[PDB]
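Colleague: What follows is data12.csv, made up of CSV, C-alpha atoms and all ligand atoms:
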```
chain,number,residue,atom,x,y,z
W,1,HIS,CA,-47.6,51.7,30.9
W,2,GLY,CA,-45.6,52.1,34.0
W,3,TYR,CA,-42.7,50.7,36.1
W,4,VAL,CA,-41.6,50.7,39.7
W,5,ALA,CA,-38.9,53.4,40.2
W,6,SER,CA,-38.2,52.8,43.9
W,7,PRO,CA,-36.9,50.4,45.0
W,8,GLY,CA,-35.8,50.3,41.3
W,9,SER,CA,-37.3,47.4,39.4
W,10,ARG,CA,-35.0,45.0,37.5
W,11,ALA,CA,-36.2,46.6,34.2
W,12,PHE,CA,-36.0,50.2,35.5
W,13,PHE,CA,-32.3,49.6,36.6
W,14,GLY,CA,-31.6,48.7,32.9
W,15,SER,CA,-32.4,52.3,31.9
W,16,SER,CA,-30.4,55.5,32.1
W,17,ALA,CA,-33.0,56.9,34.7
W,18,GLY,CA,-32.2,53.7,36.7
W,19,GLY,CA,-28.4,54.4,36.4
W,20,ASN,CA,-27.8,51.4,34.0
W,21,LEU,CA,-27.3,49.4,37.2
W,22,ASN,CA,-28.3,46.3,35.2
W,23,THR,CA,-26.7,45.6,31.8
W,24,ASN,CA,-28.1,43.6,28.8
W,25,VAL,CA,-31.8,44.0,29.6
W,26,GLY,CA,-33.1,44.2,26.0
W,27,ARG,CA,-36.2,46.5,25.6
W,28,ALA,CA,-35.9,47.4,29.3
W,29,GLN,CA,-33.0,49.8,28.5
W,30,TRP,CA,-35.4,52.1,26.7
W,31,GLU,CA,-38.9,51.2,27.8
W,32,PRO,CA,-39.0,49.5,31.3
W,33,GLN,CA,-42.7,50.7,31.4
W,34,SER,CA,-43.8,48.3,28.6
W,35,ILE,CA,-43.9,44.8,30.4
W,36,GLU,CA,-47.6,44.2,29.6
W,37,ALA,CA,-49.3,40.8,29.5
W,38,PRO,CA,-52.7,39.4,30.3
W,39,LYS,CA,-53.6,39.2,34.0
W,40,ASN,CA,-52.6,36.0,35.8
W,41,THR,CA,-49.7,35.2,33.4
W,42,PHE,CA,-47.2,33.5,35.7
W,43,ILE,CA,-45.0,31.3,33.5
W,44,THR,CA,-42.1,29.8,35.3
W,45,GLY,CA,-38.8,31.4,34.1
W,46,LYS,CA,-40.8,34.2,32.4
W,47,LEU,CA,-41.9,36.3,35.3
W,48,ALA,CA,-39.4,39.1,34.9
W,49,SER,CA,-40.2,39.4,31.2
W,50,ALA,CA,-43.9,38.4,31.5
W,51,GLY,CA,-43.1,36.4,28.3
W,52,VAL,CA,-43.0,39.7,26.3
W,53,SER,CA,-40.9,39.8,23.1
W,54,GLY,CA,-37.6,41.7,23.5
W,55,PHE,CA,-37.6,41.4,27.4
W,56,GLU,CA,-36.1,37.9,27.5
W,57,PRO,CA,-32.8,38.9,29.0
W,58,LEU,CA,-34.6,39.9,32.2
W,59,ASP,CA,-35.4,36.2,32.9
W,60,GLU,CA,-31.9,35.2,33.7
W,61,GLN,CA,-31.7,34.1,37.3
W,62,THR,CA,-28.6,33.8,39.4
W,63,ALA,CA,-27.6,35.0,42.9
W,64,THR,CA,-25.3,37.8,41.4
W,65,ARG,CA,-26.8,38.7,38.0
W,66,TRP,CA,-28.9,41.6,39.1
W,67,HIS,CA,-28.5,44.8,41.1
W,68,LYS,CA,-30.2,44.8,44.5
W,69,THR,CA,-31.6,47.6,46.6
W,70,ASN,CA,-30.6,47.2,50.3
W,71,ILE,CA,-33.8,47.3,52.4
W,72,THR,CA,-35.0,46.1,55.8
W,73,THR,CA,-37.9,44.0,56.9
W,74,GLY,CA,-41.1,45.8,57.9
W,75,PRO,CA,-42.6,48.7,55.9
W,76,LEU,CA,-41.4,49.4,52.4
W,77,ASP,CA,-42.4,52.3,50.2
W,78,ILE,CA,-43.1,51.4,46.6
W,79,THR,CA,-43.2,54.2,44.0
W,80,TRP,CA,-44.5,53.6,40.5
W,81,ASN,CA,-44.1,55.9,37.6
W,82,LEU,CA,-46.7,55.7,34.9
W,83,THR,CA,-45.8,56.9,31.4
W,84,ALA,CA,-49.4,56.3,30.3
W,85,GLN,CA,-52.0,56.4,33.1
W,86,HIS,CA,-54.8,53.8,32.9
W,87,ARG,CA,-58.0,53.1,34.8
W,88,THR,CA,-56.8,50.6,37.5
W,89,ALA,CA,-58.4,47.5,39.0
W,90,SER,CA,-55.7,46.4,41.4
W,91,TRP,CA,-52.1,46.5,42.7
W,92,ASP,CA,-50.7,43.1,43.9
W,93,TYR,CA,-47.3,42.4,45.6
W,94,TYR,CA,-45.6,39.1,46.0
W,95,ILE,CA,-42.2,38.1,47.5
W,96,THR,CA,-40.1,35.0,47.4
W,97,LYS,CA,-40.4,32.7,50.4
W,98,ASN,CA,-37.6,32.1,52.9
W,99,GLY,CA,-35.4,29.3,51.5
W,100,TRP,CA,-36.0,30.0,47.8
W,101,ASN,CA,-33.3,29.3,45.3
W,102,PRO,CA,-31.8,32.4,43.6
W,103,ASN,CA,-30.1,30.3,40.9
W,104,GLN,CA,-33.3,28.6,39.6
W,105,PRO,CA,-36.0,30.0,37.3
W,106,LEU,CA,-38.6,32.2,39.0
W,107,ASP,CA,-41.8,30.3,39.8
W,108,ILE,CA,-44.8,32.1,41.3
W,109,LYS,CA,-45.4,29.0,43.5
W,110,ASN,CA,-42.3,30.1,45.4
W,111,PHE,CA,-43.7,33.5,46.3
W,112,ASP,CA,-46.2,34.6,48.9
W,113,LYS,CA,-48.7,37.4,48.2
W,114,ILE,CA,-47.9,40.2,50.7
W,115,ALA,CA,-50.2,43.1,49.7
W,116,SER,CA,-53.2,43.8,47.6
W,117,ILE,CA,-54.5,47.3,47.0
W,118,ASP,CA,-57.9,48.0,45.2
W,119,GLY,CA,-57.6,50.5,42.4
W,120,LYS,CA,-61.3,51.2,42.6
W,121,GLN,CA,-61.5,51.6,38.8
W,122,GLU,CA,-60.1,55.0,39.0
W,123,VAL,CA,-57.2,56.6,37.0
W,124,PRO,CA,-54.1,57.0,39.2
W,125,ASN,CA,-51.7,59.9,39.1
W,126,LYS,CA,-48.4,59.6,37.2
W,127,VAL,CA,-46.6,58.9,40.5
W,128,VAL,CA,-48.1,56.2,42.7
W,129,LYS,CA,-46.8,55.7,46.2
W,130,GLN,CA,-47.8,52.7,48.3
W,131,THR,CA,-46.5,51.1,51.5
W,132,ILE,CA,-46.2,47.3,51.8
W,133,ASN,CA,-44.9,45.1,54.6
W,134,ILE,CA,-41.9,42.9,54.1
W,135,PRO,CA,-42.3,39.9,56.3
W,136,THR,CA,-39.6,39.3,59.0
W,137,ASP,CA,-38.7,35.8,58.0
W,138,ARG,CA,-37.1,37.2,54.8
W,139,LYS,CA,-33.3,37.9,54.9
W,140,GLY,CA,-30.8,38.4,52.1
W,141,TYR,CA,-31.6,38.3,48.4
W,142,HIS,CA,-35.3,38.3,47.6
W,143,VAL,CA,-37.5,39.2,44.6
W,144,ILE,CA,-40.6,41.3,45.0
W,145,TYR,CA,-43.1,40.9,42.1
W,146,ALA,CA,-45.3,44.0,41.7
W,147,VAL,CA,-48.3,43.7,39.5
W,148,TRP,CA,-50.5,46.6,38.2
W,149,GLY,CA,-53.8,45.3,37.0
W,150,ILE,CA,-55.5,47.4,34.4
W,151,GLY,CA,-59.2,48.3,35.0
W,152,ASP,CA,-60.5,48.6,31.4
W,153,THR,CA,-58.4,45.8,29.8
W,154,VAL,CA,-57.6,42.2,30.6
W,155,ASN,CA,-53.9,43.1,31.0
W,156,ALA,CA,-51.4,43.9,33.7
W,157,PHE,CA,-47.9,45.3,34.1
W,158,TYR,CA,-45.3,43.2,35.7
W,159,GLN,CA,-42.3,44.4,37.7
W,160,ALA,CA,-39.7,42.1,39.2
W,161,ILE,CA,-37.7,43.9,41.9
W,162,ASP,CA,-34.4,42.6,43.3
W,163,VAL,CA,-33.8,43.4,47.0
W,164,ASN,CA,-31.2,42.6,49.6
W,165,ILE,CA,-32.9,42.5,53.0
W,166,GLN,CA,-30.7,43.3,56.0
W,201,CU,CU,-50.1,51.6,29.0
```
What would you get if you wrote out this structure as structure tokens?
Ligand SMILES: [Cu+2]
Modeller:
Amino acid sequence: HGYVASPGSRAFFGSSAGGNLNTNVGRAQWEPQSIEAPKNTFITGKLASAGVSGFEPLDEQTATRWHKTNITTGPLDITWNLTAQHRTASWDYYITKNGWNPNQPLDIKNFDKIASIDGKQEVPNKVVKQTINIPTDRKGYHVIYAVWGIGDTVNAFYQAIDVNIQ
């Protein structure tokens, strides 16, 4: 169990630690660390919740529904916090393509992968800091999809992150 704390994930922003910058986020208010589903689950319109019971409110998609972190193109530091550390296979990062539609359900086919970090089947620390590159054809509102793949289970944790690139 874990979440992306910086830039705050959509679920994390639903919690008091995230400043309640998103309202009406279901289970994300209290347990943004709990978005666990099998690896390679990418159901259109169910990316933010990973299809998990109680996280449905996260799946709403409009241009103005969610709080964004202002970022630039180029390097971006990602910080995860793990409430329960697990042996790790992988960390994968995706971002919406230039020209995507922020008022349509999220579809992984409309993202590019932009980073992939091998977990080496080791147990990470409670705070994990990584740096990924935001491509320079992205401007304005985008969604980063951060995926922590567990080493000793068939599952992953899924973190949609709303950013405003300027
Ligand atoms: Cu866990």
Colleague: Find the residues near residue W:43: any atom within 8 Å, counting all atoms listed in the file, skip ones fewer than 5 places away on the same chain, and give them as a count of residues only.
Modeller: 4
Colleague: Would you write out, as a tab-separated table, a table of all residues in chain W that have an atom no more than 10 Å from an atom of ligand CU 201 (chain W), listing for each the closest atom pair and the distance in Å to one decimal, considering only C-alpha atoms and all ligand atoms and ordering rows by chain and rising residue number?
Modeller:
```
residue	atom	partner	partner_atom	distance
W:1	CA	W:CU201	CU	3.1
W:2	CA	W:CU201	CU	6.7
W:33	CA	W:CU201	CU	7.8
W:34	CA	W:CU201	CU	7.1
W:35	CA	W:CU201	CU	9.3
W:36	CA	W:CU201	CU	7.8
W:82	CA	W:CU201	CU	7.9
W:83	CA	W:CU201	CU	7.2
W:84	CA	W:CU201	CU	4.9
W:85	CA	W:CU201	CU	6.6
W:86	CA	W:CU201	CU	6.5
W:87	CA	W:CU201	CU	9.9
W:150	CA	W:CU201	CU	8.7
W:155	CA	W:CU201	CU	9.5
W:156	CA	W:CU201	CU	9.1
W:157	CA	W:CU201	CU	8.4
```
Colleague: Env of residue W:48: 7 Å cut, atoms = only C-alpha atoms, seq-sep filter 3 positions within chain, self excluded. Answer as a PyMOL selection string.
Modeller: chain W and resi 58-59+159-160
Colleague: Could you dump the residues just selected with C-alpha atoms as a PDB file, keeping the file's coordinate frame?
Modeller:
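Result file selection37.pdb:
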```pdb
ATOM      1  CA  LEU W  58     -34.600  39.900  32.200  1.00  0.00           C
ATOM      2  CA  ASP W  59     -35.400  36.200  32.900  1.00  0.00           C
ATOM      3  CA  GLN W 159     -42.300  44.400  37.700  1.00  0.00           C
ATOM      4  CA  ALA W 160     -39.700  42.100  39.200  1.00  0.00           C
TER       5      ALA W 160
END
```
Colleague: Which polymer residues have any atom within 7 Å of an atom of stretch 98-106 of chain W, counting all atoms listed in the file, with same-chain residues fewer than 6 positions away left out, as a list in words?
Modeller: residues 44, 45, 47, 61, 62, 63, 137 and 138 of chain W
Colleague: For the selection you just gave me, I'd like the residues written to a file as a compact mmCIF listing (two decimals), in the frame of the given file, keeping C-alpha atoms.
Modeller:
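Saved to part_17.txt:
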```txt
# COMPACT_ATOMS: atom_id res chain seq x y z
CA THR W 44 -42.10 29.80 35.30
CA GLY W 45 -38.80 31.40 34.10
CA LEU W 47 -41.90 36.30 35.30
CA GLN W 61 -31.70 34.10 37.30
CA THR W 62 -28.60 33.80 39.40
CA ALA W 63 -27.60 35.00 42.90
CA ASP W 137 -38.70 35.80 58.00
CA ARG W 138 -37.10 37.20 54.80
```
Colleague: Measuring atom to atom with only C-alpha atoms, identify which of W:111, W:76, W:128, W:158 is nearest to residue W:46.
Modeller: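 Looking at the shortest contact to residue W:46, the residue is W:158.
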Colleague: So, counting only C-alpha atoms, which residue among W:40, W:136, W:79, W:49 is closest to residue W:27?
Modeller: W:49
Colleague: Calculated over only C-alpha atoms, which of the candidates W:67, W:78, W:22, W:161 has the smallest distance to residue W:142?
Modeller: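 Smallest distance to residue W:142 is found for W:161.
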Colleague: Point out the residue among W:15, W:153, W:130, W:23 with the least atom-to-atom distance to residue W:60, counting only C-alpha atoms.
Modeller: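 For residue W:60, the nearest of the given residues is W:23.
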Colleague: Compile the contact shell of residue W:131 as a PDB file with C-alpha atoms, in the coordinates of the input: residues with an atom at most 12 Å away, counting all atoms listed in the file, same-chain residues fewer than 4 positions apart removed.
Modeller:
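As written to disk, out-v8.pdb reads:
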```
ATOM      1  CA  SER W   6     -38.200  52.800  43.900  1.00  0.00           C
ATOM      2  CA  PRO W   7     -36.900  50.400  45.000  1.00  0.00           C
ATOM      3  CA  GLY W  74     -41.100  45.800  57.900  1.00  0.00           C
ATOM      4  CA  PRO W  75     -42.600  48.700  55.900  1.00  0.00           C
ATOM      5  CA  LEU W  76     -41.400  49.400  52.400  1.00  0.00           C
ATOM      6  CA  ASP W  77     -42.400  52.300  50.200  1.00  0.00           C
ATOM      7  CA  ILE W  78     -43.100  51.400  46.600  1.00  0.00           C
ATOM      8  CA  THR W  79     -43.200  54.200  44.000  1.00  0.00           C
ATOM      9  CA  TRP W  80     -44.500  53.600  40.500  1.00  0.00           C
ATOM     10  CA  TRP W  91     -52.100  46.500  42.700  1.00  0.00           C
ATOM     11  CA  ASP W  92     -50.700  43.100  43.900  1.00  0.00           C
ATOM     12  CA  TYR W  93     -47.300  42.400  45.600  1.00  0.00           C
ATOM     13  CA  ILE W 114     -47.900  40.200  50.700  1.00  0.00           C
ATOM     14  CA  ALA W 115     -50.200  43.100  49.700  1.00  0.00           C
ATOM     15  CA  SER W 116     -53.200  43.800  47.600  1.00  0.00           C
ATOM     16  CA  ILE W 117     -54.500  47.300  47.000  1.00  0.00           C
TER      17      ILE W 117
END
```
Colleague: Looking at W:132, W:95, W:144, W:154, which one is nearest to residue W:10, with distances taken over only C-alpha atoms?
Modeller: W:144
Colleague: Using only C-alpha atoms, which of the listed residues (W:113, W:140, W:121, W:162) sits closest to residue W:65?
Modeller: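 Checking each candidate against residue W:65, we get W:162 as the closest.
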Colleague: In Å, rounded to a single decimal, give me how far atom CA of residue W:151 is from atom CA of residue W:38.
Modeller: 12.0 Å
Colleague: Could you check how far atom CA of residue W:8 sits from atom CA of residue W:126, in Å to one decimal?
Modeller: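 Between these atoms lies a distance of 16.2 Å.
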Colleague: Please, which residues are within 7 Å of (-54.0, 50.8, 39.9) by the file's coordinates, counting only C-alpha atoms, and could they come as a compact mmCIF listing (two decimals) with C-alpha atoms, keeping the file's coordinate frame?
Modeller:
```txt
# COMPACT_ATOMS: atom_id res chain seq x y z
CA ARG W 87 -58.00 53.10 34.80
CA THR W 88 -56.80 50.60 37.50
CA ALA W 89 -58.40 47.50 39.00
CA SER W 90 -55.70 46.40 41.40
CA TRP W 91 -52.10 46.50 42.70
CA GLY W 119 -57.60 50.50 42.40
CA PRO W 124 -54.10 57.00 39.20
CA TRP W 148 -50.50 46.60 38.20
CA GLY W 149 -53.80 45.30 37.00
CA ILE W 150 -55.50 47.40 34.40
```
Colleague: Using atom CA of residue W:56 and atom CA of residue W:16 as the two end points, give the distance in Å to one decimal.
Modeller: 19.1 Å
Colleague: Could you work out an axis-aligned bounding box for all listed atoms of stretch 32-42 of chain W, with 5 Å added on each of the six sides, and give its centre and edge lengths in Å to one decimal, as lines of an AutoDock Vina configuration file?
Modeller:
```
center_x = -46.3
center_y = 42.1
center_z = 32.2
size_x = 24.6
size_y = 27.2
size_z = 17.2
```
Colleague: Quick one: residues within 12 Å of (-33.4, 45.6, 22.1) (file frame), counting all atoms listed in the file, please, as a list in words.
Modeller: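 Using all atoms listed in the file, the matching residues come out as residues 14, 15, 23, 24, 25, 26, 27, 28, 29, 30, 31, 32, 53, 54, 55, 56, 57 and 58 of chain W.
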